[PDB]
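Asks: have a look at this fold, sequence not included:
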């Protein structure tokens, strides 16, 4: 379902630090925000975690819900945050 374009958009929207937070959001359930600079194709870890099973289709969707990033929720998932909830 989700491809490189999806996780690319995630990298564009969320900051490098927030992308690290996604890792910990999957692992330790850490949902902290980090108003930092975004990357334009640098955090390859995102692809590693995607294949690993930490940023999978379902997992990433949940993570982005918990982050509440509407720039992704209504672009990647193309639906309201609440609508996403019902798919979790």
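Replies: Looks like it arrived, so ask away. Numbering: from 1, shown residues only.
Asks: in contact with the closest residue to residue 79 other than its chain neighbours, which residues?
Replies: Once flanking residues are discounted, residue 79 sits nearest to residue 73: 6.9 Å by C-beta to C-beta, 6 or more residues apart in numbering. (C-beta placed from N, C-alpha, C; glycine too.) By C-beta atoms under 8 Å, 6 or more residues apart in numbering, the residues touching residue 73 are 64-65, 79-81, 84.
Asks: tell me if residue 8 really is in a helix.
Replies: Yes: under DSSP: H, G, I helix; E, B strand; the rest coil, residue 8 falls within a helix.
Asks: what's the closest non-adjacent residue to it?
Replies: residue 41 is the one closest to residue 8 (C-beta to C-beta, 6+ apart), at 6.9 Å.
Asks: same thing with residue 85?
Replies: In space, residue 85 is closest to residue 65, 6.4 Å off (C-beta to C-beta, 6+ apart).
Asks: correct me if wrong: the one you found contacts residue 84.
Replies: Yes: using C-beta atoms under 8 Å, residue 65 makes contact with residue 84 at a distance of 4.8 Å.
Asks: can you give me the helices in the chain?
Replies: 4-13, 16-27, 45-52, 57-67, 70-73, 81-85 (DSSP state H).
Asks: on that earlier part again, do you know how far the residue nearest to residue 79 is from residue 44?
Replies: Going from residue 73 to residue 44 by C-beta to C-beta, to the nearest Å gives 24 Å.
Asks: just residue 28 next, same as before
Replies: For residue 28, the distance to residue 44 - C-beta to C-beta - is 22 Å.
Asks: same check on residue 34?
Replies: 19 Å.
Asks: with residue 72 instead?
Replies: For residue 72, the distance to residue 44 - C-beta to C-beta - is 19 Å.
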